[PDB]
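Protein chains in written order, with our numbering: chain A, 1 to 489; chain B, 1001 to 1489. Backbone N, C-alpha and C fix where the C-beta goes; we use that ideal spot for every residue, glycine too. Here's the structure, in structure tokens; my notes come after.
2 protein chains.
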Amino acid sequence: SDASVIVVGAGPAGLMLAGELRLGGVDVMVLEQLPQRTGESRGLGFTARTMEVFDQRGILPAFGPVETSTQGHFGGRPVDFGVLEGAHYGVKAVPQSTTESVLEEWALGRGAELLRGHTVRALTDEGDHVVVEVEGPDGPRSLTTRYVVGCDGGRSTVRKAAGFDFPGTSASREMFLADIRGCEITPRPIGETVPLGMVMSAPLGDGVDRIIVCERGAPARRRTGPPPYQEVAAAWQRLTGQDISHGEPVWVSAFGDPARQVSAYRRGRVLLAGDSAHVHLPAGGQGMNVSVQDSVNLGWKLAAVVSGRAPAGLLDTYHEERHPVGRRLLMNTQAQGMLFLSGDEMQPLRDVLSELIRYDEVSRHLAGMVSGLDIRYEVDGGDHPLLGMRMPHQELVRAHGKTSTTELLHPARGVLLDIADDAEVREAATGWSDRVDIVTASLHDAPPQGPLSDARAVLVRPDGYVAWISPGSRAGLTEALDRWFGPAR
Amino acid sequence: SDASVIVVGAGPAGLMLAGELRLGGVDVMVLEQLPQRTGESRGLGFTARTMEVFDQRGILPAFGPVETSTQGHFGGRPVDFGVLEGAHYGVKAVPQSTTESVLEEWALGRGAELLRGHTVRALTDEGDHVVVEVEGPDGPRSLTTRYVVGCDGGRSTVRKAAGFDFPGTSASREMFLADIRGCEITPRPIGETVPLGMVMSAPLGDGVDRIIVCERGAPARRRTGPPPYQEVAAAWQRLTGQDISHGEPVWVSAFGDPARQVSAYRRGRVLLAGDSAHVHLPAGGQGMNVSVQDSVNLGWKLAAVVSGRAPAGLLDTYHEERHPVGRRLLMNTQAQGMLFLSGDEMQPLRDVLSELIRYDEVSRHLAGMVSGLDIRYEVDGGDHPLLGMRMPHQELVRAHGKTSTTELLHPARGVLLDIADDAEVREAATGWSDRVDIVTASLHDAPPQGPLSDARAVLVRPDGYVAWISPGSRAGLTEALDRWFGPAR
Ligand SMILES: Cc1cc2nc3c(=O)[nH]c(=O)nc-3n(C[C@H](O)[C@H](O)[C@H](O)COP(=O)(O)OP(=O)(O)OC[C@H]3O[C@@H](n4cnc5c(N)ncnc54)[C@H](O)[C@@H]3O)c2cc1C
Ligand SMILES: Cc1cc2nc3c(=O)[nH]c(=O)nc-3n(C[C@H](O)[C@H](O)[C@H](O)COP(=O)(O)OP(=O)(O)OC[C@H]3O[C@@H](n4cnc5c(N)ncnc54)[C@H](O)[C@@H]3O)c2cc1C
């Protein structure tokens, strides 16, 4: 068995997972077909929760000094993300290429094995293990592993190989994206409706503008490689009345509006994460974020099962917790795109949306949805609001020195947070001290009526979601720890 | 001068106005080109506020015993209208033909002059008066009046004649509506998306179903008379896979999605009200309601100016108060229609809408918008919530006998409501007792913390909107009465 887990594809999803797996104490092998990273940088910046999952692991400093704004939109419509206590829009500029850069450097630091110029062509789940056919630099090889995770993007080889179900609709439009030099092109962050469809445009920073075009009737086409630049340019004139012949392209590509999502996130011993599981219209910046977050859901869980520390039942929760999120990803993103991408025909409906956004409830809700902060998993049929949601960053007073909720998650074991000083709780948990870090501290600069007010103790999973809280969970701590970390030692 | 005011067109708008004008103590002449009423009954039922404006005048009993539900939609999406204190969806079934029937019988009762088989062909505003060319039963006549009000529907002759501005967009789709017999056709109140577009269908009551069809690519066409039935039928099969050859039609018509609204509601001495001022996609049942309400805004005001009781400045408020409402009518209705009328392509966006509707703020807001109960006019830059909104029905204790806010508006003079017993207020107003009914009473079954709690007095315009409230208006009662009823006597 050449490695415990084989990850195929080394994009955000795969890189994040490879790291998460290593921290989980597991050897891992990433096969990526590309020899050197794309150079395309599709998305710009990342969401609040993606910011937080990076921070959970001490990855943010590698990004260089960065900014975070509260001014963002839901499908063009400005939403102030402040209205939801402790939320914001994200980190502003960062190109995917740099995120991907970062995460590679990380996981390699975490001792993951990355094999480039390695293309997976077929695979078979034999029951106790999985075999994988690979065309690499020196030729075709055959590898054996305990789990394979398809992180190979929108047209996943893995998903087709392992026989997944991929229901949904194929694309109906073709849109263009170009990053151009030289031309003197107006900003259109919200975009702009022109009789023949819509356009958008923004500046990025050193001589380069992004254009997006949507010629209304354009059919969907499968193509070999990007469109030739002059074809996009031709499209831009027929829409704006601007000639961009003279433009020198950096990247040019076509893309579309599909909506498909695997009906099961796991089959036997093969799993999918990122684009490979859910493919959609790129809109409201979600693709990378939600994918990276799939990896953070799965990583620790898989680590546990691989090493015999958890019953395979823990791994099903990856499906149960994420299919829903990916489904909402299709919903969120297609909605957002339809507002963004339509005629003067969609104007009435964004006029009402603008009217509704004005409330607090509404403004929170979409700021919740976009940022990924509204995620609540099923964990316990109890009263408390925080149950099953993410654990917010809160500074803590440890014996000698201050520390943070966020920093205790650096190692990716569970965190049990004794705040009231109850030896009774640190005892019930002793049988798990190998898997959960029992920490006893007090709160520092809490907002006197916040989510941790009147909380004696909290159980935080390795992905930083809350699994159990005192008071106000149906189940005792014993039931809870067994659920997520395995039997008592 | 043959009559004070000439109203052209005797639909909901014109009939309502003719009545409102008579109560205002003014002779009025309605010219309608049709000799006998259409027989078509496009809309079904009416909104809360339309219910209330009818009731303001004692018109509801003529309707026969009727029902009112709280279960309605915003563009297909179920909204419980209850969530907004004292709101609901409307009266359920009533066909326009019966409403039109009712209102005719009313205004004739009110002593309005209705001239049928009379078609207005041209008109000239001469400054001090207006002339009107009319082809009637015995021939062409020329009439003279002080005001003309275009209530002649979507293709208003008046509006074109008097030279109005009618900006907006002409229709882009063609939809079909048919009322059929015999066929066994499924209900589709929310409608239903079929690959080739959308359909809807409901039952109405004695053997007759309504179908609506939207064949996606259908262009807009100007036509002489309705479409032939077999053309709609052909459309229905190409969409549903159902043959309705055998169907016997009662009414068949085509209709579309325009969006236009006169930029000024008044020019010199000519005015517009109803369809003639604002034309749109029929969706969310608004056309009749908002139009009838234009007439109720204008009627009393015009009555005042015609008879020299108010300075012409009162009449401008008809524009200032209603252009905004009509504008929101275009917005409301086109939004609602776009959700209702689109592919599986609009599904994500009604999925978020369904999510937002779940709140209270949102559910109220749309229930407000649809019912027409959210209307607040500019009247005074003051704190109080009720200022400029409609006066809600509240039972009152008069000297001998109980009565209601609603019943005091039967005569269509203003109502000043002394509740605290303050002779100081009944004095300031003495100079207007000719135009305002000074009433002193106490509240009956008020909801102990309602909108009239801690209110000494209220000034209610003839259209039943609140103009001044103690406490909490910038202006004193004197300023207020002069604003709406004219100088002190
Ligand atoms: C126009 C554009 C703009 C976007 N903007 C945003 C944004 O603003 N915010 C956001 O969050 N998302 C955005 N996205 C979406 C985002 O780019 C994707 O979600 C994300 O980059 C893909 O995640 P992934 O790691 O699962 O797959 P990918 O990034 O596609 O990586 C999959 C990898 O698998 C490798 N691979 C595939 N098949 C094999 C195989 N047979 N063997 C070995 N390796 C294989 C590929 O080489 C590839 O490197 C945008 C997308 C587009 C197209
Ligand atoms: C498919 C359909 C369904 C609808 N459903 C609803 C609904 O559910 N709820 C709702 O509120 N609204 C609905 N409406 C809209 C509603 O029907 C219109 O708003 C309303 O009936 C028109 O109001 P009106 O009185 O201003 O004009 P009209 O009702 O059009 O009447 C204008 C009158 O003027 C007369 N006229 C025109 N020109 C002249 C002239 N030259 N000389 C003399 N007379 C003239 C005409 O004969 C006509 O009788 C619907 C409309 C359609 C088409």
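Cβ separation of residue i and residue j, assumed to be a contact under 8 Å, to the nearest whole Å
i: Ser-97 (chain A); j: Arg-37 (chain A); result: 7 Å
i: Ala-1233 (chain B); j: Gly-1256 (chain B); result: The pair is not a contact, with the Cβ atoms about 20 Å apart (cut-off 8 Å).
i: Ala-1122 (chain B); j: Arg-1022 (chain B); result: Going by Cβ atoms, the distance from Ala-1122 (chain B) to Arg-1022 (chain B) rounds to 27 Å, so no, they are not a contact pair.
i: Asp-125 (chain A); j: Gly-268 (chain A); result: 5 Å
i: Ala-335 (chain A); j: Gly-76 (chain A); result: Incorrect: roughly 12 Å between the Cβ atoms, too far for contact.
i: residue 551 (chain A); j: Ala-254 (chain A); result: No statement about residue 551 (chain A) is possible, as the shown extent of chain A runs from 1 to 489 and does not include it.
i: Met-1391 (chain B); j: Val-1290 (chain B); result: No, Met-1391 (chain B) and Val-1290 (chain B) are not in contact; Cβ-Cβ is about 19 Å, not under 8 Å.
i: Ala-273 (chain A); j: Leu-298 (chain A); result: 6 Å
i: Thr-1099 (chain B); j: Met-1288 (chain B); result: 7 Å
i: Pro-258 (chain A); j: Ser-170 (chain A); result: 5 Å
i: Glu-1032 (chain B); j: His-1118 (chain B); result: 7 Å
i: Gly-1464 (chain B); j: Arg-1309 (chain B); result: Contact flag wrong, Cβ pair sits at about 19 Å.
Residue i at chain B interface by Cβ criterion, 7 Å
i: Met-389 (chain A); result: no
i: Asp-351 (chain A); result: yes
i: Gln-334 (chain A); result: yes
i: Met-175 (chain A); result: no
i: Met-338 (chain A); result: yes
Heavy atom of ligand 4 within 6 Å of residue i beta-carbon
i: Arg-1042 (chain B); result: Among the ligands modelled here, namely ligand 1 and ligand 2, ligand 4 does not occur.
Neighbour list for residue i in chain C, Cβ cutoff strictly below 8 Å
i: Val-362 (chain A); result: No chain C is present in this structure, whose protein chains are A and B.
CB contact below 7 Å: residue i versus chain A
i: residue 1518 (chain B); result: There is no way to answer for residue 1518 (chain B), as the model of chain B reaches only from 1001 to 1489.
i: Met-1331 (chain B); result: yes
Contacting residues, own chain, Cβ-Cβ under 6 Å from residue i (five flanking each side not counted)
i: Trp-1251 (chain B); result: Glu-1040, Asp-1179
i: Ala-1475 (chain B); result: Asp-1380
i: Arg-260 (chain A); result: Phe-166, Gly-168, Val-279
i: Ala-1488 (chain B); result: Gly-1431
i: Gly-1058 (chain B); result: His-1410
i: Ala-1480 (chain B); result: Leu-1459, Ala-1467, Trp-1468
i: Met-369 (chain A); result: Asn-332
i: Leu-1015 (chain B); result: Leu-1103, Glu-1104, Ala-1107
Proximal residues to residue i (C-beta, below 7 Å), its chain only, five neighbours per side dropped
i: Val-26 (chain A); result: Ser-4, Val-5, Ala-303, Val-306, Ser-307
i: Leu-1408 (chain B); result: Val-1415, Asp-1437, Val-1439
i: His-323 (chain A); result: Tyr-265
i: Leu-1452 (chain B); result: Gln-1394, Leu-1443, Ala-1446
i: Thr-1186 (chain B); result: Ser-1201
i: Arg-413 (chain A); result: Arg-435, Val-436, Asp-437, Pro-462
i: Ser-354 (chain A); result: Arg-77
i: residue 1518 (chain B); result: The question about residue 1518 (chain B) has no answer, for chain B in this structure spans 1001 to 1489.
Sequence-distant residues of the same chain with beta carbon closer than 8 Å to residue i, five excluded per side
i: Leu-1143 (chain B); result: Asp-1002, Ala-1003, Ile-1006, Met-1029, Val-1131, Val-1132, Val-1134
i: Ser-404 (chain A); result: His-393, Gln-394, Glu-395, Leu-396
i: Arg-1110 (chain B); result: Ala-1018, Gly-1019, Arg-1022, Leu-1023
| How about the region 125–142 of chain A and the region 37–51 of chain A: do they share at least three Cβ pairs that are nearer than 8 Å? | The region 125–142 of chain A, when compared against the region 37–51 of chain A, does not touch it at the 8 Å Cβ threshold.
| Would you call the region 1011–1027 of chain B and the region 1139–1158 of chain B in contact, with 3 or more CB pairs under 8 Å? | By the criterion of at least three beta-carbon pairs nearer than 8 Å, the region 1011–1027 of chain B is in contact with the region 1139–1158 of chain B.
| message | Pairs of beta-carbons, one from the region 204–214 of chain A and one from the region 168–181 of chain A, closer than 8 Å: are there three or more? | response | Result yes; three or more Cβ-Cβ pairs closer than 8 Å.
| Meets three-Cβ-pair contact criterion under 8 Å: the region 1271–1282 of chain B and the region 1444–1451 of chain B | Using a Cβ-Cβ distance cut-off of 8 Å, the region 1271–1282 of chain B and the region 1444–1451 of chain B are not in contact, since fewer than three pairs of beta carbons, one from each stretch, lie closer than that value.
| said: Does the structure place the region 357–367 of chain A close enough to the region 70–84 of chain A that three or more beta carbon pairs sit under 8 Å? | reply: Yes, the region 70–84 of chain A is in contact with the region 357–367 of chain A.
| message | Count Cβ pairs between the region 1156–1170 of chain B and the region 1116–1130 of chain B that sit closer than 8 Å; are there 3 or more? | response | In short, these stretches touch, since the Cβ pair count reaches three.
| query | Three or more beta-carbon pairs under 8 Å between the region 1187–1207 of chain B and the region 1226–1240 of chain B, yes or no? | reply | A contact exists between the region 1187–1207 of chain B and the region 1226–1240 of chain B.
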